[PDB]
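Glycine gets a Cβ as well: all are built from the backbone with ideal geometry, and neighbour counts include every protein chain shown. No value in this document is a laboratory result; all are computed from the given coordinates.
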Amino acid sequence: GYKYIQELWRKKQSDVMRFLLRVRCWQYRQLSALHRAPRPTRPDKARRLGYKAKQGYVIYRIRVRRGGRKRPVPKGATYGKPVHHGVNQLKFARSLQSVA
Amino acid sequence: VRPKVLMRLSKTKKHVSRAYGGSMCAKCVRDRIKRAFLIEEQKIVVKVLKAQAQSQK
Amino acid sequence: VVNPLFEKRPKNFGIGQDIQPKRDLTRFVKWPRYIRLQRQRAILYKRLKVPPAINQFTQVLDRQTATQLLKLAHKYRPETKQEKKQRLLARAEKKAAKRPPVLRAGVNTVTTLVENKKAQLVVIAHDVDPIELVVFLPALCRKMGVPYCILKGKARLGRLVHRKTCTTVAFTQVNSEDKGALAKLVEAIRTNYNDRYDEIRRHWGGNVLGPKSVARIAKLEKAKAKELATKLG
Amino acid sequence: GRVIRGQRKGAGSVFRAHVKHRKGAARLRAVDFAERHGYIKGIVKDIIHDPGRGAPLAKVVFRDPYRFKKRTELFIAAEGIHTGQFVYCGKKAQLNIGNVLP
Amino acid sequence: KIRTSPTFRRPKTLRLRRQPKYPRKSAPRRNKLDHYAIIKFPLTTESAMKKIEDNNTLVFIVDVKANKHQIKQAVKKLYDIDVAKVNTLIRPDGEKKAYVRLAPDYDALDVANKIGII
RNA sequence: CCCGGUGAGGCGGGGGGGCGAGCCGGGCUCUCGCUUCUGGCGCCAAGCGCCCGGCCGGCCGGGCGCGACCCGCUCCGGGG
RNA sequence: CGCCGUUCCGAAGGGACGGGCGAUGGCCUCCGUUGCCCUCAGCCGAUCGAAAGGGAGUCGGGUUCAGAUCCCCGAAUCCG
Ligand SMILES: [Mg+2]
Ligand SMILES: [Mg+2]
Ligand SMILES: [Mg+2]
Ligand SMILES: [Mg+2]
């Protein structure tokens, strides 16, 4: 049709898609952290993931801060055996998409 | 009287009958009427001495 | 006859002289975020070097060709909601005792019949919100040799059909009488979009600094031009 | 070891300033058209002693060039300032004591 | 229409009124603080008999949620006697004793004679 | 992207007005555009032009422009 | 889970006088009502925080086995 927008959204390193992904990311970075979108930004990826364009279906856009999960402990001091002295380089077990 | 007692008294019990009555002293009234008329007067002198200069020059 | 009472009292609006009047400040207002956002997103489309694939939507159909276009696209509007019923009735009493050629709406249908070479002219709305839906149609038309043209307004392309907005519109077939008008448009369109596609695929948009900051450069350059203009003698 | 007294000062709750009886942040007059192309004249209503501060403050009183209102401002008093003195501010202000100019 | 002030304030729009399509609760709840529930019984103690005899009052143990207004207007319904004033106090027991002082012409001793307490 | 300020209040160009260097009334460089003797007052328009609306050119009462230059893509600045 | 934050990245006022339009109740006279625009409006942060801070206005005499500036009598007083 959708198969053109699909193969287009795979050249994210191109010129047009690196301009669009950048003006989109700039505009998204100015709105709230969790706000309702009027319509699906990617209508194809939305159909593929189950979005029928009918009443009741809602699209929320949401932003999440990148990076790992620093351990929530006082200054350093995770009292335990040296195995669990790790705070900085830890990673979270759920993807940022699952947190969105 | 206390502030909230002023609702009881009559206006004559709260102001003296004069311009700026009961919100400014008489000495600074006469000594403000003076400065008002005098400054506007000098503003007139300077207004005159402006076009008096522009006449010759 | 003049009255000696009506004096003329002019005010002096100098610095510290008298209270400034209720002037106009539509430039200095603090706007809401959504207003300031869209007002300074329209500027990024003037500062950023816009690739020619998105920039090819600014060079749009003129104001004289647009009228005649929608004049021809008014004889081939789809049927309404009431005409849909009244055709089921005139088909009923037809049963008791051809389909006309019309417009064709939607990207998924225009693209699928531009590949089938069924179209004779394609109109594309110049301001599709996610532009990815019509980024490819220009090149797919040029490739298939279909006469396409970009029209200003997906809310005016959307009045042909009876919906809020439309994206594309296609003339597949036309009646006899209007085939001349269609051939008098396909000419003036193909010579403007398909013929110069080489020079459309190369033309980057945007990349233009704000006037406040182009005057600071035109002034400095002027000083260094009037330098050689005055030091030579 | 216990958090040293030096470290215990960044949290606060004891080491916060005593800003109870202070009269306000002593700041210059904000920049407007007048202060940017001419001069604006104000008077000195009084000179007060701000607590916990060696310098004195001076309530300079201008009038808003856009509304009918008398704006007060808390400057730090230059030396030689007295009450009823006239303080001018802006680019075209003359150069004497207490006369803020670029 | 020029912007005279540099502050874009939100424009006032229109606000309708509730025109429900069905009342939530079917029927208005009956007033459970009736004129009868608001007065339980009197007192027959020589601390209140000197009030009736001397002060020309009556002493009722009224409901605790009752105002001096509800009491006044609830003795002027159950007993048809205009009332001079009402003085309430919540006992350590928990009930709200109320000293009702009758109009000058009405005689407490003779309106307590009627209702029973005498 | 960051910072400061403000009730994001006159920013950038252009025009219009006055003073002086100059060429011989006309084009440019300039600059300014109205507040410095005093512990006063200062808004919510005077004025000229234009139109309309009721009662008898005349009473009454409204609106628009100038006054208060036009045009602009970031509120101004400072970083980057 | 929530925490931070209290004017800070905010379309943060549901108000007022006058006027114009509309309706209503009655000496439908003349006020009052509420609907719609026009005009005007700063603020500075929802709310909580003191029975010793701020905070209008009650005193005399009598009386009970236990309550009185609180009940009774008599004199006032503030707010609406
Ligand atoms: Mg785990
Ligand atoms: Mg409280
Ligand atoms: Mg208290
Ligand atoms: Mg107290």
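Read through the list (1) in a helix (DSSP H, G or I); (2) more than 9 Å from chain C (Cβ to nearest Cβ), then give the number of the only condition that A:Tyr4 fails. Of the numbered conditions (1) in a helix (DSSP H, G or I); (2) more than 9 Å from chain C (Cβ to nearest Cβ), the odd one out for A:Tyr4 is (2). Restricting the stretch C:206-233 to residues that are assigned to a helix (DSSP H, G or I) and among the polar types (S, T, N, Q), the residue that is nearest to C:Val50 (Cα to Cα) is C:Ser213.
Just to be sure before I move on: is E:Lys50 out of contact with any strand residue (DSSP E or B) (no Cβ under 9 Å at 6 or more places or on another chain) and surrounded by fewer than 10 Cβ atoms within 10 Å (Cβ to Cβ) in the structure I sent? Considered against the rule, which asks whether it is out of contact with any strand residue (DSSP E or B) (no Cβ under 9 Å at 6 or more places or on another chain) and surrounded by fewer than 10 Cβ atoms within 10 Å (Cβ to Cβ), E:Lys50 comes out as no. Annotation for the stretch D:29-39: at least one member residue is touching a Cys at 6+ places or on another chain (Cβ under 6 Å) and acidic (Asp, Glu). Close Cβ contacts (under 6 Å, 6 or more residues apart or on different chains) running from residues in the stretch D:40-55 that are of a type outside the set (A, V, I, L, M) to residues that are surrounded by 14 or more Cβ atoms within 10 Å (Cβ to Cβ) and assigned to a loop (DSSP other than H, G, I, E, B) comprise D:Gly42/D:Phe62; D:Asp50/D:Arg22; D:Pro51/D:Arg22.
Among the residues of the stretch C:120-139 satisfying the criterion of being part of a loop (DSSP other than H, G, I, E, B) and touching a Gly at 6+ places or on another chain (Cβ under 8 Å), which is farthest from the other protein chains (Cβ to nearest Cβ)?
Within the stretch C:120-139, the subset part of a loop (DSSP other than H, G, I, E, B) is C:120, C:126-130, C:134-136.
Checking the rest, the ones that are also touching a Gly at 6+ places or on another chain (Cβ under 8 Å) come to C:126-127.
On the way: C:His126: 16, C:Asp127: 14 Å.
So, considering only residues that are part of a loop (DSSP other than H, G, I, E, B) and touching a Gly at 6+ places or on another chain (Cβ under 8 Å), the one farthest from the other protein chains (Cβ to nearest Cβ) is C:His126.
When every residue of the stretch C:44-51 is checked against the conditions, none turns out to be over 30 Å from E:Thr4 (Cβ atoms) and away from every other protein chain (no Cβ under 14 Å).
Only one entry in C:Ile43, C:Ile15 is closer than 22 Å to C:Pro211 by Cβ and within 8 Å of RNA strand F (Cβ to nearest atom), namely C:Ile43. As for the stretch C:18-33, it holds at least one residue that is within 16 Å of RNA strand G (Cβ to nearest atom), within 30 Å of A:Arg36 (Cα to Cα), in a helix (DSSP H, G or I) and basic (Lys, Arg).
Scan B:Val16, B:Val45 and give me the residue that is within 10 Å of RNA strand F (Cβ to nearest atom) and away from chain D (no Cβ under 14 Å). It would help to see each step written out before you state the result.
Details: B:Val16 fails: within 10 Å of RNA strand F (Cβ to nearest atom).
Step by step, each of B:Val16, B:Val45 is checked, and only B:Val45 is within 10 Å of RNA strand F (Cβ to nearest atom) and away from chain D (no Cβ under 14 Å).
Only residues that are away from RNA strand G (no atom under 16 Å from the Cβ), assigned to a helix (DSSP H, G or I) and within 20 Å of E:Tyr36 (Cβ to Cβ) were counted in the stretch E:70-110, giving 6.
If you go through the stretch B:15-57 and keep only what is hydrophobic (A, V, I, L, M, F, W, C) and not in a helix (DSSP H, G or I), you end up with B:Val16, B:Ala19, B:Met24, B:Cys25. Select from the stretch D:33-81 the residues that are over 12 Å from the mean Cα position of the chain (by Cα) and small (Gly, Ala, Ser) and write down the one among them that is farthest from the other protein chains (Cβ to nearest Cβ). Going through the qualifying residues, I end up with D:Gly54. Looking at (1) surrounded by 15 or more Cβ atoms within 10 Å (Cβ to Cβ); (2) within 16 Å of RNA strand G (Cβ to nearest atom); (3) not aliphatic (A, V, I, L, M), which is the only condition D:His21 fails? Here D:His21 meets the rest and fails (1).
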